[PDB]
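Structure first, then comments.
Proteins come first, then strands; the chains are lettered A, B, ... in the order of their sequence lines, and each starts at number 1. Worth knowing before you read on, the calculation uses all heavy atoms, side chains too, and leaves out hydrogens, waters and symmetry mates.
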Amino acid sequence: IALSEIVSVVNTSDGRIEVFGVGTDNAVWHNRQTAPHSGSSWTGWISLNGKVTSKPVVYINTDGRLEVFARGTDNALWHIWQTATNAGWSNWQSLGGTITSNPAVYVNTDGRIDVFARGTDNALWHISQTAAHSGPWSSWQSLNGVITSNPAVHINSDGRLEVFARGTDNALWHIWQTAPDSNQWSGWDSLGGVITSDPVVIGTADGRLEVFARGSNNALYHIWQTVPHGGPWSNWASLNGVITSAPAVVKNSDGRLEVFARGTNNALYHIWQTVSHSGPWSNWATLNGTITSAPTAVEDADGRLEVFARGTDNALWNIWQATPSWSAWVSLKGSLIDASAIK
Amino acid sequence: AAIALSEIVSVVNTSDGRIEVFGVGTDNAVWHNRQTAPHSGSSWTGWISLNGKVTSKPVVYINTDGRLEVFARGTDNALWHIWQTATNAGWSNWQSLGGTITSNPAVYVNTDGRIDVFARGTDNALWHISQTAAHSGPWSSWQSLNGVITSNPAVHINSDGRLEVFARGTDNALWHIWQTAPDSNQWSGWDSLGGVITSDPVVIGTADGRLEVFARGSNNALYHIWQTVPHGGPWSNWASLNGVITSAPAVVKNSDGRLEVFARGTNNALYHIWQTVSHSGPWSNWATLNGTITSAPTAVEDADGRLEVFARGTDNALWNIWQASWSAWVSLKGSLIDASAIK
Ligand SMILES: CO[C@@H]1[C@@H](O)[C@@H](O)O[C@H](CO)[C@H]1O
Ligand SMILES: CO[C@@H]1[C@@H](O)[C@@H](O)O[C@H](CO)[C@H]1O
Ligand SMILES: CO[C@@H]1[C@@H](O)[C@@H](O)O[C@H](CO)[C@H]1O
Ligand SMILES: CO[C@@H]1[C@@H](O)[C@H](O)O[C@H](CO)[C@H]1O
Ligand SMILES: CO[C@@H]1[C@@H](O)[C@H](O)O[C@H](CO)[C@H]1O
Ligand SMILES: CO[C@@H]1[C@@H](O)[C@H](O)O[C@H](CO)[C@H]1O
Ligand SMILES: CO[C@@H]1[C@@H](O)[C@H](O)O[C@H](CO)[C@H]1O
Ligand SMILES: CO[C@@H]1[C@@H](O)[C@H](O)O[C@H](CO)[C@H]1O
Ligand SMILES: CO[C@@H]1[C@@H](O)[C@H](O)O[C@H](CO)[C@H]1O
Ligand SMILES: CO[C@@H]1[C@@H](O)[C@H](O)O[C@H](CO)[C@H]1O
Ligand SMILES: CO[C@@H]1[C@@H](O)[C@H](O)O[C@H](CO)[C@H]1O
Ligand SMILES: CO[C@@H]1[C@@H](O)[C@H](O)O[C@H](CO)[C@H]1O
Ligand SMILES: CO[C@@H]1[C@@H](O)[C@H](O)O[C@H](CO)[C@H]1O
Ligand SMILES: CO[C@@H]1[C@@H](O)[C@H](O)O[C@H](CO)[C@H]1O
Ligand SMILES: CO[C@@H]1[C@@H](O)[C@H](O)O[C@H](CO)[C@H]1O
Ligand code: NA
Ligand code: NA
């Protein structure tokens, strides 16, 4: 499993990027832009306390309230939420269970968050809100399977959640909701390949799921639905390169996909669709630096990509999509650890 | 009192990234036209009838499962609707939601996936009716939100999930009312935002999570007013953006968050005005886009991140221009009528 992303990132409801990581005290810390623009100053790192043993995973409820999910020291899923959009936070609360991966989080079309995690039996399990952006939560339910990566979730363009994970054969496997908002899922299906990172999944501008993962030769590979919210899936295709972290995928403001990963010189690299969201991929290009995590990418309120990665000083560093060339790297300070539950 | 010439179509971005437009043909049926490809300058399906007989502007909205749904007043003065049975698939029959309505419908979705529809009653109060479950029937009863209004209503969601409706009052000021909490059937009382408006209000959410309203004023200039705090008060003073506009204004965000407004001028050309530099920047001068139009423009961002504008032409066809120097005007053919229920 290629070096993990070390923060969870969200666009707040007021257009500010907020990042969540694990400090050297195993607490969750967060940092937010002071202004909704590229190159904004930051609040500085502020602790949400807790003691976690996974990557913390933020998700925005449909009412704009942020909510963070993490594995606790008792192996349960814990969460903490804003009591009002972009306002104060709750205490940490346990959702129980015994989990063995990072959480994977998405929201159903009815506003109910669904959380996925590997169990003690290596199966995929999930637990959900029973009302829009609200408790009470459901019981934990097994979706079976036997998985060997962190799971990744995204919604189809018809409202059906879908989960991706590496299997016992190191192939990519997936499972999907049969209908929006449903607790009834499909059987597991193999998409084959041999993957050497967690998978990441995104929705294309034209309503198809597309998955990226590192392959056996450390190249970047991808595979996609060929019909909106449906099959068949494509064959795997190589995007070449040699990468030494998990890949991070994001959509530009114009729909063009762009992928970030660490290279074999420990620098940040990227590759992008050219011309349009239907266009052919660029060559790989360096964004320099010396990074000690996978990168994390998000679009800011100015429509520009922003990238975060740990530096050799263990601070979080930032670089963004200025024109004609990307910005200088700038430090957000902090000291972050990789608490990913599967590495 | 005067209501500026209405938009001729309702527009939506489909779940597969294609612009779809809905208007009223010379037979009083609703017709739609869709891009064949999710790109600027795409060819179109051509106009296809959804039948019905309507006496309002038709209003499309996308359900949280991707299914389009159109709302319009019928020749019986009731609210009618028609929906896709699956995302971008076939349509239902038209079905009545009853009532007697005296405005165009205003439509939005709650944070729990329930569509909420607002219309003026024969008592000139604002009424509403909603889905009782996410993207699903049954529908609620018609319920009054009181007030006395003299324009078509406009609705948008706050950045904290609370719906908010805007309408002109008996005193020609802009008035508004808001949900007390997300998903609620409990609304505030009506509050005055003052001014003197000679159009329906047009409302948008800013890149930084504030509502902003545009309207024509008594001197036919474009005016706007905004929340000064995300999802809260106080509202700003009214500010003039000058011009002489002979239609309703159309407001949209660029891919970078910059607001941009389109309106017809005294020579019946299309004009526009935009924020410069960023979504926090000052406004440009008005500039012409030429053409000769017989409706207000309608503006939407396409899947390539470019603004697309539609307006009825001298030949009653729908004409298109897009943010390429802008493209040449091109005809999408058709023959449309202005069925707006308040003119
Ligand atoms: C979520 O963080 C902590 C959790 O891992 C566990 O140690 O229980 C604590 C409360 O007792 C939580 O604060
Ligand atoms: C999701 O957490 C647990 C799972 O890993 C397994 O140990 O079975 C338990 C139920 O018996 C679950 O609560
Ligand atoms: C869009 O505006 C005009 C249209 O209404 C029609 O008169 O045809 C002209 C081109 O011939 C266009 O400029
Ligand atoms: C206020 O709503 C929060 C909700 O966001 C959380 O998932 O679950 C909490 C308790 O389970 C709720 O109280
Ligand atoms: C995805 O979960 C497992 C997979 O890991 C195994 O290789 O193959 C199994 C099917 O026999 C799947 O259920
Ligand atoms: C994603 O799986 C790929 C496979 O598609 C390729 O043929 O062979 C690759 C070897 O690098 C595998 O890792
Ligand atoms: C129902 O649509 C599902 C789709 O969600 C999945 O990605 O791929 C499946 C085919 O492997 C499809 O049958
Ligand atoms: C076409 O735009 C690409 C952009 O997507 C990439 O981030 O950065 C490249 C170099 O600035 C640009 O050429
Ligand atoms: C998030 O990084 C924090 C930093 O903000 C704090 O000052 O010091 C902590 C201990 O070094 C760090 O883990
Ligand atoms: C929306 O069009 C409807 C039509 O579907 C219905 O049959 O008849 C109505 C008149 O009663 C029409 O207004
Ligand atoms: C399939 O869901 C549709 C819904 O979109 C419509 O609002 O209302 C219809 C009638 O209740 C529903 O059946
Ligand atoms: C919004 O509805 C009405 C308004 O039309 C009237 O001018 O003033 C009333 C209060 O005096 C409002 O409640
Ligand atoms: C509760 O927040 C509401 C806001 O939604 C409305 O726009 O403006 C009101 C003040 O006029 C606020 O009190
Ligand atoms: C700064 O971008 C603006 C654009 O928003 C407007 O559509 O058209 C203007 C003229 O092309 C541009 O200068
Ligand atoms: C939407 O415009 C339609 C057009 O497509 C049809 O051919 O002819 C109808 C009658 O002119 C028009 O109203
Ligand atoms: Na609130
Ligand atoms: Na004027």
Side-chain angles (χ1 to χ4, degrees), chain A residues 62 106-111 132 154-161 179-181 203-209 228-230 251 255, chain B residues 7 9-23 30-35 37-38 42 45 48 50 57-72 79-92 94-95 97 104-118 129-131 133-137 139 154-157 161 163 182-183 203-205 250-253 298-303 305 308 310:
Chain A
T62 57
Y106 224 84
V107 72
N108 285 287
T109 71
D110 62 10
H154 205 89
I155 201 162
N156 279 280
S157 59
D158 65 354
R160 295 180 301 99
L161 295 183
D181 311 324
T204 66
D206 63 323
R208 295 173 299 101
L209 294 185
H229 56 82
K251 194 178 327 183
Chain B
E7 298 188 35
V9 284
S10 186
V11 69
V12 65
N13 309 94
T14 71
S15 66
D16 65 7
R18 300 188 288 184
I19 298 167
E20 192 162 351
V21 303
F22 299 76
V30 174
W31 298 68
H32 63 137
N33 203 343
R34 183 179 48 63
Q35 292 183 302
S42 179
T45 58
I48 298 165
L50 281 173
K57 183 197 174 186
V59 177
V60 64
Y61 205 87
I62 190 163
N63 280 275
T64 58
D65 63 0
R67 293 179 310 92
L68 299 188
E69 185 160 353
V70 176
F71 298 89
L79 176 64
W80 287 76
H81 69 141
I82 187 167
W83 56 92
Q84 293 177 333
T85 58
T87 311
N88 304 312
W91 295 82
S92 70
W94 284 99
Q95 188 153 256
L97 288 169
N104 299 333
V107 185
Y108 222 85
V109 72
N110 286 283
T111 72
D112 63 4
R114 295 180 315 96
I115 292 185
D116 226 315
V117 181
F118 306 83
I129 193 173
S130 62
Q131 289 172 340
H135 52 75
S136 184
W139 284 69
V155 60
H156 205 91
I157 203 162
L163 295 182
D183 311 323
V203 55
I204 197 157
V251 65
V252 66
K253 283 177 296 194
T298 299
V300 70
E301 186 191 349
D302 65 32
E308 301 257 359
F310 306 86

One should read off an interatomic distance between B:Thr298 OG1 and B:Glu7 CD, to the nearest 0.5 angstrom, of 3.5 Å

When every non-hydrogen atom of B:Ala250 is compared with those of B:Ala299, the smallest separation belongs to CB-N, 4.1 Å

Open item on the list: Whether the side chain of B:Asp302 engages the backbone of B:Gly305 through a donor-acceptor N/O pair (distance < 3.5 Å, no angle test) should be reported.
Closed with: yes

Rounded to the nearest 0.5 Å, the CZ atom of B:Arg67 sits from the OG atom of B:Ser136 at a distance of 7.5 Å

Do B:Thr14 and B:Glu20 have side-chain N/O donor and acceptor atoms under 3.5 Å apart? no

When B:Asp112, B:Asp116, B:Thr111 are each screened for side chain to side chain donor-acceptor pair (under 3.5 Å) with B:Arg114, the one that passes is B:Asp112

Between the CZ atom in B:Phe22 and the NE2 atom in B:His32, the distance rounded to the nearest 0.5 Å is 6.0 Å

Here the gap from B:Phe118 atom CZ to B:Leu163 atom CG, rounded to the nearest 0.5 Å, amounts to 5.0 Å

Closest non-hydrogen contact found for A:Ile155 with A:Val107 is CD1-O, 3.9 Å

So CH2 of B:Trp91 and CH2 of B:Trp83: to nearest 0.5 Å the spacing works out to 11.0 Å

Heavy atoms of B:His135 and A:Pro180 approach each other most closely as NE2-CB, 4.2 Å

Taken to the nearest 0.5 Å, the spacing of B:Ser15 OG from B:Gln84 CD works out to 8.0 Å

B:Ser42 and B:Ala37 have their tightest heavy-atom pair at OG-N, 2.9 Å

_Side-chain (B:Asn13) to main-chain (B:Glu301) donor-acceptor, under 3.5 angstrom_ = yes

Tightest non-hydrogen contact, residues B:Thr85 and B:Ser92, listed as CG2-N, 4.0 Å

B:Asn63 and B:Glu69 have their tightest heavy-atom pair at ND2-OE1, 2.9 Å

Sequence neighbours excluded, the answer for ring pair (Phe, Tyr, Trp, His ring centres under 6.0 Å) partners of B:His156 is B:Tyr108

*asked:* Please check: side-chain N/O of B:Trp94 versus main-chain N/O of B:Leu50, any donor-acceptor pairing under 3.5 Å?
replied: yes

Ignoring hydrogens and angles, tell me if any N or O in the side chain of B:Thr87 forms a donor-acceptor pair with the backbone of B:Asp65 under 3.5 Å. yes

Okay, side chain of B:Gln35, backbone of B:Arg18: is any donor-acceptor separation there less than 3.5 Å?
no

message = One pair to check against side-chain contact (heavy atoms from CB on, under 4.5 Å): B:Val300 and B:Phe310. What are the steps and the verdict?
response = CA-CA 9 Å; B:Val300 70; B:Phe310 306 86; 4.1 Å; yes

Report yes or no: does A:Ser157 contribute a side-chain atom to a donor-acceptor pair with the main-chain N or O of B:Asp16 at less than 3.5 Å? no

Please check this pair: side chain of A:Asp158 against backbone of A:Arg160, looking for a donor-acceptor N/O pair closer than 3.5 Å.
yes

